[PDB]
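Cβ: placed from backbone, ideal geometry, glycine included. Neighbour counts: every protein chain shown. Since every read-out is calculated from the coordinates, none of them should be taken as a lab result.
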Amino acid sequence: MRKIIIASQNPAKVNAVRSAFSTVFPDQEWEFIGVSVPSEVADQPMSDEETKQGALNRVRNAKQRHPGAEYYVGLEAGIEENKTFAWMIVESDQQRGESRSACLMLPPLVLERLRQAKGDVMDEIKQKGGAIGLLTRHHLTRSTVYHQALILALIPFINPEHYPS
Amino acid sequence: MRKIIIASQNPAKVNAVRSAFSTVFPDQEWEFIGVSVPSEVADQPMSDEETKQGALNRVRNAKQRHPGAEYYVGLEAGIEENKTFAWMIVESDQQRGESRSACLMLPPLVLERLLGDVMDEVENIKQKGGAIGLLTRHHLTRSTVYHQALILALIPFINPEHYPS
Ligand SMILES: [Mg+2]
Ligand SMILES: [Mg+2]
Ligand SMILES: [Mg+2]
């Protein structure tokens with residue numbers, strides 16, 4: 001039974017990957033393993049480029065630390081200016097998939113006291129759908145937003161005939 | 001009854017705006033009207049920045065073309081390199097909400113040609129969730145993807161206290 005390495009030990013992230021893979025590949029089974037590896041970037045990325053690079057670095061570190069898995073998944077949240085979002089990276093041995101989730105405007109008060117490297121600042125939460133869930137009256141949750149990005153990041157693997165190398 | 005102007009006459013886009021507002025506001029009541037205004041940018045935006053500008057322009061023009069509405073919404077798709085996405089902009093008479101949908105990787109064969117009607121090849125299977133719907137085996141559709149971005153764009157209007165003018 002092939003396994004999938006998640007560049008994170010957060011149960012929430014591992015579950016989302018589980019849900020995304022079970023949704024897209026319901027006819028297959030894998031062992032999802034959440035590993036802990038450095039991103040080699042700020043614990044709190046302050047740019048789109050840095051957020052994506054951090055996800056990419058974790059995936060490379062994951063491959064090096066736990067070789068042999070069929071898929072490696074990186075999931076990194078970050079912010080740019082007044083927006084927040086997360087980068088999704090899925091890598092097989094030969095191909096790579098990626099997608100950035102929809103971005104959201106954070107409150108100015110939360111933003112100002114976040115540049116100070118403070119997250120938990122969201123107290124004026126990681127159980128009611130996160131910042132997204134709170135800000136959207138739960139019409140969206142971090143899980144349902146990440147789910148879409150994860151599925152999008154799998155496109156290359158879903159349509160091999162259209163995405164070579 | 002109040003009214004909401006959608007900077008597009010596309011029934012698909014008008015529908016999404018309706019569903020978004022009906023979801024965030026289960027009650028209330030307003031009339032959605034699809035209007036046709038120019039974006040003033042390339043018919044097919046080629047950068048994230050240009051795509052956002054096109055959405056902002058249509059909204060601004062819609063405000064001058066049809067004043068009086070309580071909400072004005074711009075929904076502009078675009079691409080950059082090998083990624084596609086859409087910008088959502090919602091404007092009232094005091095503030096602006098915005099969000100860019102999760103992005104998706106287009107097949108290299110698609111980026112080659114480009115004219116997002118190349119997708120009409122490998123024909124109207126396209127109205128089966130659009131490219132998104134076809135590429136994700138309908139596990140996602142352009143509509144369900146646009147729906148999340150639209151809700152996120154409504155954040156400022158959902159949290160007036162945390163989002164001033
Ligand atoms: Mg490394
Ligand atoms: Mg809910
Ligand atoms: Mg479906």
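Which ones in the stretch B:88-118 are among the aliphatic types (A, V, I, L, M), more than 7 Å from chain A (Cβ to nearest Cβ) and surrounded by 15 or more Cβ atoms within 10 Å (Cβ to Cβ)?
Listed by number, the residues that qualify are B:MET88, B:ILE89, B:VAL90, B:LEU106, B:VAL110, B:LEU111, B:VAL118.
For the stretch A:119-134, give me each residue that is part of a loop (DSSP other than H, G, I, E, B) and surrounded by 20 or more Cβ atoms within 10 Å (Cβ to Cβ).
The one that is part of a loop (DSSP other than H, G, I, E, B) and surrounded by 20 or more Cβ atoms within 10 Å (Cβ to Cβ): A:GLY129.
Only one of (1) outside any strand (DSSP E or B); (2) within 14 Å of chain A (Cβ to nearest Cβ); (3) touching a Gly at 6+ places or on another chain (Cβ under 8 Å) is not met by B:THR84, so which one is it?
All conditions are met except number (1).
Pick out the one residue from A:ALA77, A:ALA16, A:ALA69, A:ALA42 that is assigned to a loop (DSSP other than H, G, I, E, B), away from ligand 1 (no atom under 16 Å from the Cβ) and either of a type in the set (A, V, I, L, M, F, W, C) or on the phi > 0 side of the Ramachandran plot (or both).
A:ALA69
Run A:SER165 past the list (1) away from ligand 2 (no atom under 16 Å from the Cβ); (2) outside any strand (DSSP E or B); (3) under 17 Å from B:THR84 (Cβ atoms); (4) not β-branched (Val, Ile, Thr) and report the number of the one that doesn't hold.
That leaves (3) as the condition not met.
I'd like to verify a number: residues in the stretch B:135-154 that are over 15 Å from the mean Cα position of the chain (by Cα) and buried (at least 17 other Cβ atoms within 10 Å of the Cβ), how many? Explain how you work it out, then say what you get.
Restricting attention to the stretch B:135-154, the residues satisfying the condition of being over 15 Å from the mean Cα position of the chain (by Cα) are B:135-140.
Subsequent filtering for residues that are buried (at least 17 other Cβ atoms within 10 Å of the Cβ) retains B:135-136, B:139-140.
Of the residues in that region, 4 qualify.
Within the stretch A:94-119, can you find the residues that are touching a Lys or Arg at 6+ places or on another chain (Cβ under 9 Å) and acidic (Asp, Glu)?
A:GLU98
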